[PDB]
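**Student:** Residue numbers (the entry's author numbering), protein chains in the order written: chain E, 109 to 215; chain A, 1 to 141, 174 to 268, 312 to 446, 451 to 1153, 1160 to 1200, 1214 to 1277, 1287 to 1338, 1433 to 1663.
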RNA sequence: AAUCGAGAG
DNA sequence: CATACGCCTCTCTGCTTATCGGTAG
DNA sequence: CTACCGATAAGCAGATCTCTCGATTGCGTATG
Ligand SMILES: [Mg+2]
Ligand SMILES: [Zn+2]
Ligand SMILES: [Zn+2]
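#1: For a test of the three-state rule: what should DSSP assign to residue 8/A, helix, strand or coil?
#2: In this structure, how does DSSP classify residue 1178/A when only helix, strand and coil are distinguished?
#3: Can you check the segment 1513 to 1565 of chain A for any beta strand (DSSP E) of at least 3 residues that lies completely inside it and give the ranges in chain order?
#4: Is there at least one Cβ from chain E nearer than 9 Å to residue 1553/A's Cβ?
#5: Please confirm whether residue 1127/A has its beta-carbon closer than 9 Å to some beta-carbon of chain E.
#6: To the nearest angstrom, how far is the alpha carbon of residue 1636/A from that of residue 345/A?
#7: For the candidate residues 963/A, 904/A, 865/A, whose alpha-carbon lies nearest to that of residue 884/A?
#8: Out of curiosity, what's the CA-to-CA distance linking residue 215/E and residue 179/E?
#9: Under 9 Å between the Cβ atoms of residue 583/A and residue 796/A?
#10: Count the other CB atoms, across all protein chains shown, that sit within 10 Å of the CB of residue 1189/A; report buried if there are 16 or more and exposed otherwise.
#11: Considering only residues of the same chain and omitting the five flanking positions on each side of residue 38/A, which have a CB-CB separation below 8 Å?
#12: Have a look at 1323/A, 802/A, 1535/A and flag the residue whose alpha-carbon is nearest the alpha-carbon of residue 1249/A.
#13: What is the residue span of the alpha helix (DSSP H) that residue 801/A lies within?
#14: Counting only beta-carbon separations shorter than 9 Å, does residue 987/A have a partner in chain E?
#15: Excluding the five sequence neighbours on either side, which residues of its own chain have a C-beta within less than 7 Å of the C-beta of residue 700/A, listed in chain order?
#16: Could you give the C-beta distance for residue 359/A and residue 81/A, rounded to a whole number, given that I count them as a contact under 8 Å?
#17: Give a yes or no on whether 9 Å exceeds the smallest Cβ distance from residue 157/E to chain A.
#18: Relative to ligand 1, is the shortest distance from any of its heavy atoms to the C-beta of residue 622/A smaller than 8 Å?
#19: Quick one: complete alpha helix (DSSP H) runs, 4+ long, within the segment 62 to 105 of chain A?
#20: Could you spell out the range, first to last residue, of the alpha helix (DSSP H) harbouring residue 520/A?
#21: Is the CB of residue 134/A under 9 Å away from at least one CB in chain E?
#22: Take the Cβ of residue 3/A as the centre, count every other Cβ of all protein chains shown within 10 Å, and call the residue buried at 16 or more, exposed below.
#23: Please check if any C-beta of chain E sits within less than 9 Å of the C-beta of residue 1530/A.
#24: Report the option in 259/A, 333/A, 821/A whose CA atom is closest to the CA atom of residue 108/A.
#25: Sort out for me which residues DSSP pairs residue 603/A with in a bridge.
#26: What residue range does the alpha helix (DSSP H) around residue 164/E cover?
#27: Only counting the same chain, and skipping five residues up and downstream in sequence, which positions put a Cβ closer than 6 Å to that of residue 1192/A?
#28: What are the residues of the segment 1553 to 1571 of chain A that lie near chain E, defined by any Cβ-Cβ distance shorter than 8 Å?
#29: Using a cut-off of 8 Å between C-beta atoms, extract the partners of residue 154/E located in chain A.
#30: Tell whether a beta-carbon distance below 9 Å holds between residue 553/A and residue 453/A.
#31: If residue 316/A and residue 219/A are in contact, beta carbons under 8 Å, what's the gap, nearest whole angstrom?
#32: Can you pull the chain A residues whose beta carbon is under 7 Å from the beta carbon of residue 200/E, in chain order?
#33: In terms of alpha-carbon separation, which member of 1661/A, 1614/A, 1663/A, 1531/A lies closest to residue 138/E?
#34: Assign residue 143/E to one of two classes, buried (16 or more other C-beta atoms within 10 Å of its C-beta) or exposed (fewer than that).
#35: Taking 9 Å as the CB-CB cut-off, is residue 112/E touching chain A?
#36: Which residue's Cα is closest to the Cα of residue 1165/A: 1074/A, 1084/A, 666/A?
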């Protein structure tokens, strides 16, 4: 993680993907002032592991991409460090059914 | 269709493609030679447009097929045009590919490394690999380096595809979804943009000339540059022929075949066919058969087909250019008349232009040039009256009738009155069998006139015989030989079909346009009546169809196959739709006169003797017609025994229930109320509540609330306890009961019901005559002048005139005066009705039907008998003429309620002409508003339903569109059916009826084929887990335990239920008040939940679209359909009215809250300037700009702005904006006292100002009072006159003093339902995130959706969407289910972005037919043919296009047949 | 067959 | 004077496109 | 220095239920 204020150097932004599988994330202070996951409007997002993700896929007889998608630029993916292909798990406080658990893949 | 000629084969998909130029030549049965369509003698001409080779034509045997006009299907031919013509469909793609191409090296003017990168990415996306296509960009790290990059990237992509195919993430055909389609289109779009941006070709270094276009069929290029030629020379508006562009494109496409195969194939190309660039050019046209180009005789006039016209025009130009080529060879040998040779060569060029434009006209009418224009092929299938919508989505149909509807309360509520004329015309082919010959022989004997009868008899060989012109003995022979063995071997499994008339056995489809929701098209068992020629309909269905009898008519479709009969009889029949899935509220029930008769028969004052009681019961029931259950009518004990046996009306209702309700089943122990307050019946009355018990009525009265458009009634509970069938029979039986009753004791209304008493009139008159002072005081208060001032006051008149001129002031005045006169009206109504009427309820029949809900309302009664009241034009009183008069009679600027549209009259004693005029204005406005609102919701509903029309619950309880993509895992999170959730939370009723509910929720009959342990065990486990974790913020709570339905099948595992349901069930089981025990009650509630689940394949998307569109017919933040379409139809980030809700800390004061609001709210420079004075002096052209400021003590404490801050603003923003404005205007033009020296520091500031700015010469801002600020200004002498007022004003308005960005005010609204809130006129979350001392930043919820999406996440965006969509429905209290709205939100956030419901929001869908039928059929057709998309035939629209059984509902499964023998 | 006009719910 | 053959101006969304400069080769 | 590009207000393409009646259909000029 590299927290950057004001503006980062545009010449310096072309090196983050080039790195080997070891990633390098940057986060601005602008969204760092308030933890958005504490805001009760935003549901609590949680990661998923390979085994349970494969279990979900076998339960629903689906493809990777047929699931709903969450975008790589989503502010909560910036919080949770989601890679491309990590099925986030969201908890839906649905008024109709109290606690409900849904998903959105990150691709 | 016929049911005895099945079709072995069936279409399974369809893939678009380009018709190759040589296959048509191989295909074509004849070329098209000469334009002349027909010669004389009425004969076709060989080589014309009506050749016999193109199909049969008017008893001319087809020279290709040899059949006649009834059997020749047509045969395509081709016209060979010499010069290849641009295909107008793909002109933009042709331009894109021709441009950004280097004819020098025959490659794209782009680096081969980047081109190969894009090609590899696309070949990866073809198999659905989305992450691989992004990690491909990790290899970047000169010929050797570039070739190494190519080799490694291609090896990596091949390995990635091999891994995907081995694992199973793809097949040989490829993995294509909505997300993959989005990624592929995004990548292709960026690739085209990157390609059409470069300068000189980067693969060789050579420049290439540019191209241009004047539209379509208009191609041109350009010349090089003076420096470019030098670059080219050291490296080493001309017209372009169509064949030249083709020759350019052929080479480059042969070179880039790899990238072009990965662009022009969204699926992996199995056929490995090439991508030939001649596809963009139509070398040869196709002529549709004479069958599709026939003419018609409109009497004696015969019209030549427009397709023939355009094709003959194209062929005329073809013959022109061909015969012009004959004489171009004449000058070939004589190469000395080259000038005239160049003349005819320009003629040949213009003929090329003409033929290309002729083909452009033949395809797209608008792509022609010249200013009745003939429709083209694109125009023939483009729009609403095109082909897809007018002939594939909806078609005229056979065996369907139509007539005016009329009422008939003597048919069962699941029936319809079929006139005899239809019953002898509509038919149904009944294949004769040994169980039908008794009635089918009779139908054949009776023939086509005597119902029941038959019209045709279809023979075993499929041949037809007509009974229309036969004799009785002939038809007798036919009927006696009807069923007989067939000696023909081929048709040894077929039998005769008799086209019998429609009996009462069958079922029919009824539909009253417009079909706002699905309930407006149900099924009715037919009953044939020998009355007039009109359809007769029961009264309960008027609510479902929204139908009246004022001249209404509705289509009556007759299903012609057992599949459709069983469909309409079980899924769509009118009884199976008691409630609507909009909100789960009832939609059926008796309407007006049955209700008003119920208020009388169930009145406590009504008794009926033995004879009258028994007559009523028998007439209502008629056991011979099946209304009973005990094979003999049963009775009741009379209420009274001495002197003589009397009964009661409530006993009549009780025995009616007892006779319809099935025996050995407890009666409905119901507790509810109705629309009639206790004080109406007198002191000590308890009639407000009804107390049903054991199938007996014991208190209160029946009403609209217990049958009709009201919930929790007796018929609703009969529904909830015995299904919808018994409720339907109760509706029918009460319809026949209150009808025969109302004949004996009729119901009427008259002038006596509309009167008052002397005291009532006195009260009315006095409280009305207060209105003079009422209106004057409203005006005086609004104008802020002193109260109790005479109306003729000049200041009052002036203020009223200013208010009239200003729209907002007029609105404020109207609102205040309207509130006052509404207060006066309410006082009058309360004091008079019901305490003043000379005739009182229940005698006062008008008031009775207003109270009872049969018709009208308390408002209607009040304005008939007491006061018509203030008239509302839009949200105002009445438009006022510019002279200030509201009418000719009323004096200008009159302070008077009667002038301001407040009518004091009543319809009983008439209205004065001025009030008549105002009331006419208001009524006309209402009519216009209704006329607009009828059509406003049509586009909204159609747009929603075109996209949601496929989504349907999978057999895994998850809802997912027909392409497979998943929108939600549970419907609303609970899988609870909207219709079936009627009484899930009505535990008191459930307990009261447990013993009756058991007979349907039989455990011993529904326990074995289920698991009853695991779900309940895990449920208790998770329940205890959640209880133990107690209360903690949702981001802290663990997720070790999930909802039970997520892991356990809600339909296979008992006890797997929602979480709200469990909490409320335990809370109401905490009563501990009574056989029935908690275990049996719990088990029965859980079986109820198990049977209350949406069945798989339910058309949930259609249902939600209807539930969100149909209520929209009855429609400061935007409200109504505008808000709804803004949320869903457009998804506009430029939302008209954005706001954010800011909770404030409980430990703050109100005054501090206002201080913080004014600290945040935006202030502009113009807010604090009384007047700015400009002194244009030319003797160089000086401009003293002296600005007057408001009182410092006032504006400092109104805006929280200080002298120092204003000084900074003027010194930095305002002067510079003004200077830029002055200099820009000149650039475009060519085409109080003071002291001479404030102090030395002031003079240094002045010098700094002069140095900093360009043509300023003075400056000084009062720092001790903040009352003025001047700055002298000059320009040169060449400039003209300048306004120096409008520019100053606009710059002043733009320039800001203290603004939080994206916020333009912060008001303090009065708290509602607690939870104090500060709401602004903008959205900027970053701004208040810094301020936590006041705002509870953790709970800011804003009006916008894009803002919250990009600053908080997709799920916060979906929350905001549901909240906003419910909010607009919540101003009118049209409560729609929280499941439809969430389904809409998650369908419009299914790609991680805020998507709308329009053509832009459906681009990334696999079904091209859906988009083409929706709109812009051409553009979606190009996007499907060019990528060679294989339409998979799974969206409902595609099925309708091709003719395949829809998969939603009864098409979500298949049907087998267990044979008995090997 | 289109265009224009009258209307129905 | 019949008969026959062609030339001609009072909405809103969402994607065509901006002029210019920031800034590393 | 300048090309690569990243972003700045304007031109155009395409949107905005079912039904039953009736009336009428652009002209100019050339040969016999
Ligand atoms: Mg009607
Ligand atoms: Zn033929
Ligand atoms: Zn080149």
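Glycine is no exception: its CB is placed at the ideal position from the N, C-alpha and C atoms.
**Tutor:** In brief:
#1: Translated into the one-based positions of the second chain, residue 8/A becomes position 8. Residue state, collapsed to three classes: coil.
#2: For the purposes of this step, residue 1178/A is taken as the residue at position 1093 of the second chain. Residue 1178/A: strand per DSSP, three-state reduction.
#3: 1518 to 1521
#4: For the purposes of this step, residue 1553/A is identified with residue 1352 of the second chain, where counting begins at 1. Against chain E, the CB of residue 1553/A has a partner CB under 9 Å away; the residue lies at that interface.
#5: Here residue 1127/A refers to the residue found at position 1048 when the second chain is read from its first residue. No, residue 1127/A lies away from the interface with chain E (no Cβ there is under 9 Å from its Cβ).
#6: The sequence position of residue 1636/A within the second chain is 1435, counting from 1. The sequence position of residue 345/A within the second chain is 270, counting from 1. Roughly 24 Å separates the two Cα atoms.
#7: The residue given as residue 884/A occupies position 805 in the second chain. It is 963/A whose Cα lies nearest to the Cα of residue 884/A.
#8: Residue numbering aside, residue 215/E sits at position 107 when the first chain is read from its first letter. Residue numbering aside, residue 179/E sits at position 71 when the first chain is read from its first letter. Near 6 Å, if we compare the C-alpha coordinates of residue 179/E and residue 215/E.
#9: Taking the second chain and counting its residues from 1, the one referred to as residue 583/A is at position 504. Taking the second chain and counting its residues from 1, the one referred to as residue 796/A is at position 717. No, the pair does not count as a contact, with Cβ atoms beyond the cut-off.
#10: Within the second chain, residue 1189/A is the residue found at index 1104, counting from 1. Buried, by the Cβ-count rule.
#11: Translated into the one-based positions of the second chain, residue 38/A becomes position 38. 44, 45, 48, 50.
#12: Position 1151 of the second chain, counted from the first residue, corresponds to residue 1249/A. Comparing Cα-Cα distances from residue 1249/A to each of 1323/A, 802/A, 1535/A, the minimum goes to 1535/A.
#13: On the second chain, position 722 is the one that residue 801/A refers to. Unbroken alpha helix (DSSP H) run through residue 801/A: 793 to 823.
#14: Here residue 987/A corresponds to residue number 908 of the second chain, with the count starting at 1. No - not a single Cβ of chain E is within 9 Å of the one on residue 987/A.
#15: For this step, residue 700/A is matched to residue 621 along the second chain. Result list for residue 700/A: 706, 707, 712, 738, 812, in chain order.
#16: Position 284 of the second chain, counting from 1, holds the residue named residue 359/A. Position 81 of the second chain, counting from 1, holds the residue named residue 81/A. Sure, about 7 Å apart at Cβ, within 8 Å.
#17: One-based indexing of the first chain puts residue 157/E at position 49. No, residue 157/E does not count as interfacial toward chain A.
#18: The residue labelled residue 622/A in the question sits at position 543 within the second chain. No.
#19: 91 to 98
#20: The residue you call residue 520/A lines up with position 441 of the second chain. Taken as a continuous stretch (DSSP letters only), the alpha helix (DSSP H) holding residue 520/A covers 516 to 525.
#21: Locating residue 134/A in the second chain gives position 134, where the first residue counts as 1. Yes, because at least one Cβ of chain E sits closer than 9 Å to the Cβ of residue 134/A.
#22: On the second chain, position 3 is the one that residue 3/A refers to. Per the 10 Å Cβ criterion, exposed.
#23: Taking the first residue of the second chain as position 1, residue 1530/A is located at position 1329. Output row for residue 1530/A: interface = yes.
#24: Numbered from its first residue, the second chain carries residue 108/A at position 108. Nearest in C-alpha terms to residue 108/A, of all of 259/A, 333/A, 821/A, is 333/A.
#25: Sequence index remark: in the second chain, residue 603/A carries index 524 (1-based). Residue 603/A is bridged to 587/A.
#26: Here the question's residue 164/E lines up with position 56 in the first chain. For residue 164/E, the enclosing alpha helix (DSSP H) has its first and last residue at 158 to 168.
#27: For the purposes of this step, residue 1192/A is taken as residue 1107 along the second chain, with counting starting at 1. For residue 1192/A, where only same-chain residues beyond five positions count, the Cβ hits under 6 Å are 661, 1577, 1581.
#28: So the list reads 1553, 1554, 1555, 1556, 1557, 1560, 1561, given in the order they occur along the chain.
#29: Counting from one through the first chain, the residue named residue 154/E turns up at place 46. Result: 1118.
#30: The count along the second chain starts at 1 and reaches residue 553/A at position 474. The count along the second chain starts at 1 and reaches residue 453/A at position 374. It is not a contact, given that the beta carbons lie outside the stated cut-off.
#31: Here residue 316/A corresponds to residue number 241 of the second chain, with the count starting at 1. Here residue 219/A corresponds to residue number 187 of the second chain, with the count starting at 1. No, residue 316/A and residue 219/A are not in contact; Cβ-Cβ is about 34 Å, not under 8 Å.
#32: Counted from its first residue, the first chain places residue 200/E at position 92. Residues of chain A passing the Cβ test: 1052.
#33: Locating residue 138/E in the first chain gives position 30, counting from the first residue. Among 1661/A, 1614/A, 1663/A, 1531/A, the Cα nearest to that of residue 138/E is on 1531/A.
#34: Working through the first chain from its first residue, we reach residue 143/E at position 35. Per the 10 Å Cβ criterion, exposed.
#35: Start at 1 with the first residue of the first chain, and residue 112/E comes out as number 4. No, residue 112/E lies away from the interface with chain A (no Cβ there is under 9 Å from its Cβ).
#36: Sequence index remark: in the second chain, residue 1165/A carries index 1080 (1-based). Taking only the C-alpha atoms, the option nearest residue 1165/A is 1074/A.
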